[PDB]
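In the form deposited in one PDB entry, a lone chain appears below as structure tokens.
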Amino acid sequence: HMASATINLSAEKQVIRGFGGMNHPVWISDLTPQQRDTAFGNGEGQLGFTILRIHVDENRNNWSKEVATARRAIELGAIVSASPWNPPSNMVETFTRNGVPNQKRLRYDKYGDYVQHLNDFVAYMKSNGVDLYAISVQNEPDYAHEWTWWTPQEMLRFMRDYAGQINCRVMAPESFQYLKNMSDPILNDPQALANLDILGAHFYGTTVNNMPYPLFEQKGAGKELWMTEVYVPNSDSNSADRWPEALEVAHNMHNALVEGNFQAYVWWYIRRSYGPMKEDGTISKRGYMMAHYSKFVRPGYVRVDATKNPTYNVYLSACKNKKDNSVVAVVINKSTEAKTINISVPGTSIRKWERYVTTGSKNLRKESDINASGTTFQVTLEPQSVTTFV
């Protein structure tokens, strides 16, 4: 009977779209068959991912390499989003930016040709059994040292005057740090906004105080909100099993969900030595952090209002399955001390929670059931742990 938390099943927040990661079979090896199942299956020892991100290659001859993985992801119940880094080079020109020469942008007179390039990728994937959920205007247009820059006004012009011709949901702007100057002109222009379907954002260096977005809450009715790329807290070689470091992954997810009202959370490369899947095809500690959300908070579940930080170092989120009004709670205890929370879930008729727990020395270990007293579930959290209650 230490701290208390209330989950309010009647205060619905964002509908969850899902969780996943990038495949990029031109820059790195494709996922193998085994790895596609491990990522997108939701069996024991699988990550339960329901979102695959891919890239739109500037060279249409590479497009075929995306197919086997994307098909396999959709077959396993995932949706697919695609992002471009560069237009084909005959559509690009160089310019000087902040004193740095030879930077790339899309030519003003090729915006129409670009729309066609994107549409061709959409058409080609569709012919190969991959109906993209969405396609993006540009990956990180505001951090394009090594790819194609778009100023806020260049993105706005594309969104306002060209993007309605795209034969798919349109995602934008994919700021590297969710910088609101990239997206505010879209929300503030009614035709740009009408052509937007998915506001996408990456989280590199994004502090929790920059996760709320008042202008999107006010103007974004009917648009989805996705965190389409991050790794945290670093991409250090062989860092994926580091502990307690990996708790940072759970906490970022938490914050995306609860401070950012994000509908999706998408890692960078699924398979990588700092990623949710290690190079041997097994799940890392970072991976298990994602799995606490991805295996149990399924698409279509709806986040509900819940005491987010009941005591120091403890973070709670809750999502409702609207079919039976069952709840999934993901509780992170970064403390070196054990914590006991009285979780009040008024009006629920559920009376038993199962729980799975990851620490430095175990992964999703199923532990003893929680039996409610009335509508209150008393839970104990091990030091430096994450627990999903289902």
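Start at 1 with the first residue shown and count on from there.
Comparing 373 to 381 with 6 to 14, the stretch with the higher mean C-alpha B-factor in the PDB entry is 373 to 381.
Stretches 56 to 64 and 330 to 338 differ in mean C-alpha B factor, with the higher average recorded for 56 to 64.
The PDB entry assigns the greatest CA B-factor among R105, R169, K223, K126 to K126.
In the PDB entry, the Cα temperature factor peaks, among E259, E140, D241, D109, at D241.
Ranked against the other modelled residues of its chain, the C-alpha B-factor of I51 as given in the entry falls in the lowest third.
Per the deposited record, the Cα B-factor of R157 falls in the middle third when ranked against the other modelled residues of its chain. In this PDB entry, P88 carries a Cα temperature factor that places it within the middle third of its chain's modelled residues. Ranked by Cα temperature factor within the chain, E174 sits in the lowest third according to the deposited record. In the PDB entry, a CA B factor belonging to the highest third of its chain's modelled residues is recorded for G281.
Note that the form solved in complex with a partner chain isn't included here; everything after this is about it.
The contact with the partner chain in the bound PDB entry, taken as any heavy atom within 4.5 Å, belongs to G205 out of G112, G205, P88, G281. Exactly one listed residue, out of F296, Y301, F216, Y143, brings a non-hydrogen atom to within 4.5 Å of the partner chain in the bound PDB entry: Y143. Stretch-level contact analysis of 155 to 163, 228 to 236, 242 to 250, 121 to 129 against the partner chain in the bound PDB entry, using heavy atoms and a 4.5 Å limit, identifies 228 to 236. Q177 belongs to the set of residues with a heavy atom inside 4.5 Å of the partner chain in the bound PDB entry. For the chain shown alone, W149 is not a contact residue for the partner chain in the bound PDB entry, no non-hydrogen atom being within 4.5 angstroms.
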